[PDB]
Protein chains: 2
Amino acid sequence: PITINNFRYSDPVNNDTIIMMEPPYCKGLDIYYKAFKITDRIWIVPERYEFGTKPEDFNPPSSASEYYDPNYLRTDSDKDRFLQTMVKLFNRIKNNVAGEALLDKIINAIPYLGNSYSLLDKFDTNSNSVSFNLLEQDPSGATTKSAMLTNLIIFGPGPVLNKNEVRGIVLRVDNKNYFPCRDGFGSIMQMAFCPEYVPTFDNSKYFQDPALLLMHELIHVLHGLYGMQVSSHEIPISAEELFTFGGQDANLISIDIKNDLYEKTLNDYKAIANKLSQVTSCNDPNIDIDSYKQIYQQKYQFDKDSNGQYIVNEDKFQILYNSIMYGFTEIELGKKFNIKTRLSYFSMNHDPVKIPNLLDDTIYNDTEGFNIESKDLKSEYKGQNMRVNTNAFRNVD
Amino acid sequence: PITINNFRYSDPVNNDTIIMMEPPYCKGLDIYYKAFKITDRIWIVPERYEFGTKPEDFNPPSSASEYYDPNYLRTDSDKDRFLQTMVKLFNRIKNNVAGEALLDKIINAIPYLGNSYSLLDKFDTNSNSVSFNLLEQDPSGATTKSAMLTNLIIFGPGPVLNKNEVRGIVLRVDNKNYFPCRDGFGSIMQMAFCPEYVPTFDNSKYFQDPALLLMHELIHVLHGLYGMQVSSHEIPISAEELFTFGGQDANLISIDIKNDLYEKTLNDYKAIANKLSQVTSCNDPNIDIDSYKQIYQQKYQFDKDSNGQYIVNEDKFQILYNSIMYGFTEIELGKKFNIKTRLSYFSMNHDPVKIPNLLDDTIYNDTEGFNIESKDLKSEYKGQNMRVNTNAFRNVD
Ligand SMILES: [Zn+2]
Ligand SMILES: [Zn+2]
């Protein structure tokens, strides 16, 4: 099954589960941060998401739903707290059969080694869109620089402590933004996440389970890895959000768009089948190109031509498409998790609330979260109720 | 894949896809009706569901949502019409990857050869709860009587032409009703279905796609075959309905009940694993008892003990449970089918409407139903809209 490594923020680097990585956007800049492999293909970096920000952004400019605090995640203590909370959360997601399924799908959706603008016959790992640099420590004593591939890298929140988000690596090709996670190739996905500040709802009020907030963002991660991240298809919200929530809100996206998206992804995949059909080599010699042809064939659910050409099989594609866009949603995951969800995606999300002690097994555990049955809090989701589980949360301001 | 046989109501009997069967409730009564194997384990019998009715019931007693008409499905013509409409409907369900999945799951969920009250160490086919008698025609010329197992038998509507329904075979053991389709063993499931009279909704009004009405009932059939048909668990509707609809309405069932149901099915399965673990023989010699141990092991997702004893594996059971109760719902099927669904299960279901020509490819086809894109009726589900597709429906009274 899936293993969720353990580690204290003080643990030394080991070139395996604990390293010093230069995040994808800091490529060539030689700026490293300690990171942790929570599990295969997924890393955690206890640092605020600063990319594309300026310190002026990192505090409440004068001019609740937009809470700030520039000191959050700045000391080693905060970081080890952040690190531990994330581990419990992943373990919480892994211990439910439906959570294990999601992580499994995300771990295997490795980004294709290339994109719409890379040599068609060659697998390419030389791109921050697919690989990040790290600092290794030779057995000799020397400290060298190398690189590895990954699917997901999770950070702490950006300026807005309560605004979780998932962005794919943007490549600047021919003076314009290109998204390998919308072309079907997939790319490293990055997450800005804050486990502590959860939203509340009423459509008696409830506060949300942070673990569900994580799976929600993970679903965006899933769409990305398969390269089908619905762009800023605003309509006035992006279809990407609706698909992720689920239930009837998903049907707010017109057949016309859904069909246009489906047809577009299909084209993207036919193109990738063709491309994969010419890869004969790879810049990086430490790569079994034949092993990847196999992995990628399972990823996109392709078949081999009488002559060997990889081809898209409509039926298999449709099953995979439904799986990627419908198989995992906040409504169904909330359902399969004994977790309360807000009525509709458009349901108000009142002032966030802070959960100070998710590390306290008496408040939140990795098998029932807040709804601990032994505290008769499983029933009616009372563990999430604000009038009942009064001690598990504190107000913002 | 799945084959959906074809046949005209006039076609002769062949002891294969067209026979003369004594329905399960007419067992020993020697009353036969022509039936048709639309596909493996599923039969269609163009006859009104009369079991437990009296002619007085079969017409509008004086004293729209309860329409009647005792002459419906009485002539060979009506029956061949009913027969053809059902074939198109099944083909319609089979041509969508999500429809093929449902039928596949239903065809393989064969009722366990036995129940809570049959010899534990022996597979038993001698029960109308698992088998029906038919009339065969020897190559000699003689006409003999025999029997075969089946999962589903679909009839025409009962007294209420617009009230579709799915009941499992009730066994009378020790002067009380026993339901092998609630104990986890499963049993032949029977359907009373009317393809012509569909409901309408608004929460501009729409009429429903009969093929979706069929899958809805099929979902009840699915629950039954796996023996987990939520009883008359009224709360004030039966949880069985809510699970079948889906979306947020599914969450109207309290954790307490859902948990009680889950725990109960788990017990039922542990018990079946134990029972299957002692079957050494079978009354019916034309049965590879070892072949069935294999099929049943896949059905209930069991594993073999170091010593060989079949055992329930919590995780595999949970995946199978979610699959059976969440994997197929009206909301998700409607979604994956370009079909309009009513907002919530509690959404009003106005006077039914009659679709006179489902056999007219210009009105309904086996790939897009009413929402034919060539007639620019795919978009916005206009094919289901009442103001737009005016010719595809006629009012009741
Ligand atoms: Zn989101
Ligand atoms: Zn129903």
Side-chain angles (χ1 to χ4, degrees), chain A residues 102 154 157-158 160 162-168 181 189-194 198-199 208 210 212-224 229-234 237-247 249-250 253 325 328-331 333-334 341-342 344-347 349, chain B residues 102 154 157-158 160 162-168 181 189-194 198-199 208 210 212-224 229-234 237-247 249-250 253 325 328-331 333-334 341-342 344-347 349:
Chain A
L102 174 66
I154 300 186
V160 177
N162 53 302
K163 178 174 60 192
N164 299 317
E165 197 184 3
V166 165
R167 260 158 292 173
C181 74
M189 300 306 292
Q190 296 194 303
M191 184 184 302
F193 186 67
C194 198
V198 316
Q208 195 47 274
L212 179 70
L213 286 184
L214 187 51
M215 288 184 284
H216 175 91
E217 296 310 304
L218 253 43
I219 292 174
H220 286 313
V221 178
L222 180 64
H223 298 151
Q229 180 189 77
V230 163
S231 88
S232 182
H233 239 266
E234 77 276 291
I237 171 60
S238 85
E240 173 67 34
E241 281 302 322
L242 297 189
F243 277 121
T244 297
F245 194 81
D249 296 72
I253 311 163
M325 303 304 268
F328 306 72
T329 66
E330 191 178 309
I331 288 181
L333 270 165
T341 50
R342 74 180 108 88
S344 117
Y345 178 91
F346 292 121
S347 282
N349 283 312
Chain B
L102 174 66
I154 300 186
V160 177
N162 53 302
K163 178 174 60 192
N164 299 317
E165 197 184 3
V166 165
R167 260 158 292 173
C181 74
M189 300 306 292
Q190 296 194 303
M191 184 184 302
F193 186 67
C194 198
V198 316
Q208 195 47 274
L212 179 70
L213 286 184
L214 187 51
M215 288 184 284
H216 175 91
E217 296 310 304
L218 253 43
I219 292 174
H220 286 313
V221 178
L222 180 64
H223 298 151
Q229 180 189 77
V230 163
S231 88
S232 182
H233 239 266
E234 77 276 291
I237 171 60
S238 85
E240 173 67 34
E241 281 302 322
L242 297 189
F243 277 121
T244 297
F245 194 81
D249 296 72
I253 311 163
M325 303 304 268
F328 306 72
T329 66
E330 191 178 309
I331 288 181
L333 270 165
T341 50
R342 74 180 108 88
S344 117
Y345 178 91
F346 292 121
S347 282
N349 283 312

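Throughout, protein chains are lettered first and strands after them, A, B, ... in sequence-line order, and every chain is numbered starting at 1. Atoms within a ligand are numbered from 1 in the order they appear, just like the ligands themselves.
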Donor + acceptor pair across side chains of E240(A), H220(A) (<3.5 Å):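 Their side chains do contain a donor-acceptor pair, which is all the 3.5 Å distance test asks for.
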
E330(B) versus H216(B), side-chain donor and acceptor atoms under 3.5 Å: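 Result is yes, a qualifying pair exists.
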
The Zn ion (ligand 2) - closest N/O/S atom in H220(B):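 Answer by atom name: NE2.
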
The Zn ion (ligand 2) - name of the N/O/S atom of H216(B) that sits closest to it: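 Going by distance to the Zn ion (ligand 2), the closest N, O or S atom in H216(B) is NE2.
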
Donor-acceptor contact present, side-chain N164(A) to main-chain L213(A), <3.5 Å: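 Side chain of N164(A) to backbone of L213(A): no pair is present.
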
Electrostatic pair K163(B):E165(B) at N-O distance under 4.0 angstrom: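 Salt bridge absent between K163(B) and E165(B).
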
Presence of N, O or S from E241(B) under 2.8 Å of the Zn ion (ligand 2):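 For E241(B), the answer is yes, given that an N, O or S atom comes within less than 2.8 Å of the Zn ion (ligand 2).
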
